[PDB]
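K.L.:
The structure under discussion is supplied below as structure tokens; questions concerning it will follow.
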Amino acid sequence: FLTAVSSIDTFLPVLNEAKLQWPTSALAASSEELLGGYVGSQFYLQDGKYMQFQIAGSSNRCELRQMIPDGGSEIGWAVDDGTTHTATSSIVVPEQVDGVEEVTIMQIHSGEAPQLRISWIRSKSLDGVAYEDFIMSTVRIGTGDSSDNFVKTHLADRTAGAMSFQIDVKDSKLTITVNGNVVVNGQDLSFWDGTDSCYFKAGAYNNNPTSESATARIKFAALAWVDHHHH
């Protein structure tokens with residue numbers, strides 16, 4: 001039988017501040033249900049240690065969505081509200097099966113668009129350099145579809161072992177730290193000033209697969225939204 005993520009202590013803080021969306025943006029489990037042992041093949045505890053997300057199908061997802069703690073409603077914050085917004089994680093990205101091409105593993109999202117996606121990607125060229133099997137950041141600096149709306153950055157080659165991520169947003173600037181090294185230092189997010197519906201997500205969101213049957217799989221060793229106000 002599948003073991004529930006809430007059966008150990010590691011992920012209780014974040015489960016108290018999230019809801020699960022699966023297999024689309026539809027609610028699959030409230031915070032209370034996650035703390036109460038919600039479990040399925042899409043979301044279970046692997047190796048007694050990892051919060052494992054699994055999803056197949058183009059644009060489908062199995063993702064935690066940040067919520068107000070202790071049974072609260074949807075959170076929304078702004079990049080320019082003056083507070084530091086921080087997410088941390090430690091992620092094992094296994095070798096992905098054939099047909100999986102890109103998996104988004106953390107996001108900053110608003111009602112209508114992703115400000116930031118961190119994704120694993122099988123193969124891509126960036127700025128005239130071909131990269132394989134790597135982690136990338138995609139930042140939106142507009143809502144359009146042309147390449148001037150995006151800032152895309154190679155963060156790191158995928159490792160077999162856990163990779164740690166920290167995302168900080170403060171005063172309309174984004175910092176991304178990977179394995180303790182600042183890789184994205186003060187990216188401008190001021191396009192989004194005034195949008196007060198932003199929130200963190202994490203999990204697996206499957207992008208442009210070549211088979212809708214192929215299951216993406218991501219293992220989290222740690223995940224938290226870090227509150228700088230301690231309220």
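Quick note on naming: the chains in the structure tokens go A, B, ... in the order shown, residues restart at 1 in each chain, and ligands are numbered from 1 in order of appearance.
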What's the 12 Å shell around residue A:49, counting only C-alpha atoms, without same-chain residues fewer than 4 positions away, as a PyMOL selection string?
P.N.:
chain A and resi 3-11+44-45+90-92+219-222
K.L.:
Write a file of the just-selected residues containing C-alpha atoms, as a PDB file, in the first residue's frame.
P.N.:
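Generated file (again.pdb):
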```pdb
ATOM      1  CA  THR A   3       2.584   5.493   2.250  1.00  0.00           C
ATOM      2  CA  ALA A   4       1.168   8.999   2.864  1.00  0.00           C
ATOM      3  CA  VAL A   5       3.441  12.021   2.835  1.00  0.00           C
ATOM      4  CA  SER A   6       1.951  13.179   6.123  1.00  0.00           C
ATOM      5  CA  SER A   7       3.073   9.966   7.861  1.00  0.00           C
ATOM      6  CA  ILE A   8       6.437  11.638   8.701  1.00  0.00           C
ATOM      7  CA  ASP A   9       7.152  15.073  10.144  1.00  0.00           C
ATOM      8  CA  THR A  10       9.319  16.575   7.380  1.00  0.00           C
ATOM      9  CA  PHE A  11       6.606  18.120   5.170  1.00  0.00           C
ATOM     10  CA  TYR A  44       3.073   9.600  -1.990  1.00  0.00           C
ATOM     11  CA  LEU A  45       6.101   9.099   0.223  1.00  0.00           C
ATOM     12  CA  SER A  90      15.818  20.212  -1.949  1.00  0.00           C
ATOM     13  CA  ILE A  91      14.866  18.208  -5.031  1.00  0.00           C
ATOM     14  CA  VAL A  92      16.013  14.922  -6.537  1.00  0.00           C
ATOM     15  CA  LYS A 219      11.134  13.695  -5.548  1.00  0.00           C
ATOM     16  CA  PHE A 220      11.284  16.445  -2.904  1.00  0.00           C
ATOM     17  CA  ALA A 221      13.539  15.990   0.103  1.00  0.00           C
ATOM     18  CA  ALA A 222      12.497  19.375   1.584  1.00  0.00           C
TER      19      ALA A 222
END
```
K.L.:
List the neighbours of stretch 213-217 of chain A out to 9 Å using only C-alpha atoms; skip same-chain residues closer than 3 positions along the sequence, and give me the result as an MDAnalysis selection string.
P.N.:
chainID A and resid 42 52:57 93:100 102:103 204:206 209:210
K.L.:
Tell me which protein, DNA and RNA residues are within 8 Å of residue A:21, counting only C-alpha atoms, leaving out same-chain ones fewer than 3 positions away, and put them as a PDB file with C-alpha atoms, in the first residue's frame.
P.N.:
```pdb
ATOM      1  CA  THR A  24      -5.305  20.069 -13.737  1.00  0.00           C
ATOM      2  CA  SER A  25      -5.669  23.333 -11.806  1.00  0.00           C
ATOM      3  CA  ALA A  26      -8.665  21.722 -10.084  1.00  0.00           C
ATOM      4  CA  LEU A  27      -8.488  21.082  -6.359  1.00  0.00           C
ATOM      5  CA  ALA A  28      -7.522  17.522  -5.496  1.00  0.00           C
ATOM      6  CA  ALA A  29      -6.887  17.870  -1.751  1.00  0.00           C
ATOM      7  CA  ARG A  61       0.100  18.867 -13.098  1.00  0.00           C
ATOM      8  CA  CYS A  62       0.440  17.540  -9.583  1.00  0.00           C
ATOM      9  CA  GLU A  63       1.351  20.680  -7.630  1.00  0.00           C
ATOM     10  CA  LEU A  64       1.179  22.255  -4.200  1.00  0.00           C
ATOM     11  CA  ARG A  65      -0.276  25.759  -4.294  1.00  0.00           C
TER      12      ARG A  65
END
```
K.L.:
Please compute the atom CA of residue A:135-atom CA of residue A:16 distance, one decimal, in Å.
P.N.:
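Atom CA of residue A:135 sits 27.9 Å away from atom CA of residue A:16.
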K.L.:
Find the residue from A:127, A:101, A:111, A:199 that sits nearest to residue A:211; use only C-alpha atoms when measuring.
P.N.:
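Closest residue, counting only C-alpha atoms: A:101.
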K.L.:
Here is a test: counting only C-alpha atoms, which residue of A:137, A:123, A:166, A:185 is nearest to residue A:152?
P.N.:
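Ranked by minimum distance to residue A:152, first place goes to A:137.
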K.L.:
Skipping near chain neighbours, those fewer than 6 positions away, what residues fall within 10 Å of residue A:80 using only C-alpha atoms, listed as a ChimeraX atom specification?
P.N.:
/A:169-173,189-190,192-196
K.L.:
Export, as an mmCIF file, in the first residue's frame, the selected residues with N, CA, C and O atoms.
P.N.:
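Final file, again-v3.cif:
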```cif
data_model
loop_
_atom_site.group_PDB
_atom_site.id
_atom_site.type_symbol
_atom_site.label_atom_id
_atom_site.label_comp_id
_atom_site.auth_asym_id
_atom_site.auth_seq_id
_atom_site.Cartn_x
_atom_site.Cartn_y
_atom_site.Cartn_z
ATOM 1 N N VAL A 169 12.114 36.951 -3.463
ATOM 2 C CA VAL A 169 11.561 38.123 -4.138
ATOM 3 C C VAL A 169 11.491 39.245 -3.102
ATOM 4 O O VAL A 169 10.881 39.075 -2.043
ATOM 5 N N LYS A 170 12.145 40.360 -3.390
ATOM 6 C CA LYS A 170 12.070 41.519 -2.497
ATOM 7 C C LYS A 170 12.185 42.785 -3.332
ATOM 8 O O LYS A 170 13.068 42.862 -4.181
ATOM 9 N N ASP A 171 11.288 43.751 -3.106
ATOM 10 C CA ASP A 171 11.388 45.052 -3.785
ATOM 11 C C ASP A 171 11.562 44.879 -5.295
ATOM 12 O O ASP A 171 12.471 45.414 -5.925
ATOM 13 N N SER A 172 10.689 44.055 -5.866
ATOM 14 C CA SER A 172 10.600 43.802 -7.285
ATOM 15 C C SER A 172 11.828 43.164 -7.887
ATOM 16 O O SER A 172 12.038 43.299 -9.103
ATOM 17 N N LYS A 173 12.676 42.504 -7.097
ATOM 18 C CA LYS A 173 13.847 41.820 -7.637
ATOM 19 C C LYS A 173 13.834 40.354 -7.214
ATOM 20 O O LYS A 173 13.456 40.042 -6.089
ATOM 21 N N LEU A 189 11.662 42.268 -11.735
ATOM 22 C CA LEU A 189 10.285 41.816 -11.841
ATOM 23 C C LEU A 189 9.321 42.992 -11.851
ATOM 24 O O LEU A 189 8.127 42.802 -11.636
ATOM 25 N N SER A 190 9.811 44.218 -12.063
ATOM 26 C CA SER A 190 8.949 45.389 -11.858
ATOM 27 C C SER A 190 7.791 45.457 -12.868
ATOM 28 O O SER A 190 6.810 46.168 -12.613
ATOM 29 N N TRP A 192 5.638 43.403 -12.952
ATOM 30 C CA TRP A 192 4.566 42.826 -12.160
ATOM 31 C C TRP A 192 4.178 43.688 -10.948
ATOM 32 O O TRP A 192 3.302 43.291 -10.172
ATOM 33 N N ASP A 193 4.813 44.844 -10.749
ATOM 34 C CA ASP A 193 4.421 45.740 -9.666
ATOM 35 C C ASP A 193 2.912 45.953 -9.668
ATOM 36 O O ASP A 193 2.307 46.152 -10.721
ATOM 37 N N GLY A 194 2.316 45.864 -8.502
ATOM 38 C CA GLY A 194 0.906 46.052 -8.330
ATOM 39 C C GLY A 194 0.053 44.812 -8.469
ATOM 40 O O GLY A 194 -1.102 44.825 -8.035
ATOM 41 N N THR A 195 0.556 43.759 -9.093
ATOM 42 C CA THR A 195 -0.185 42.510 -9.172
ATOM 43 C C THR A 195 -0.133 41.847 -7.812
ATOM 44 O O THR A 195 0.938 41.404 -7.388
ATOM 45 N N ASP A 196 -1.257 41.778 -7.108
ATOM 46 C CA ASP A 196 -1.220 41.315 -5.727
ATOM 47 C C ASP A 196 -1.816 39.915 -5.585
ATOM 48 O O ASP A 196 -2.276 39.546 -4.510
#
```
K.L.:
Quick check for you: according to DSSP on this backbone, which residues of stretch 43-141 of chain A are classed as strand (DSSP E or B)? Reply as a ChimeraX atom specification.
P.N.:
/A:43-46,50-56,61-67,74,77,85-92,102-109,114-126,129-140
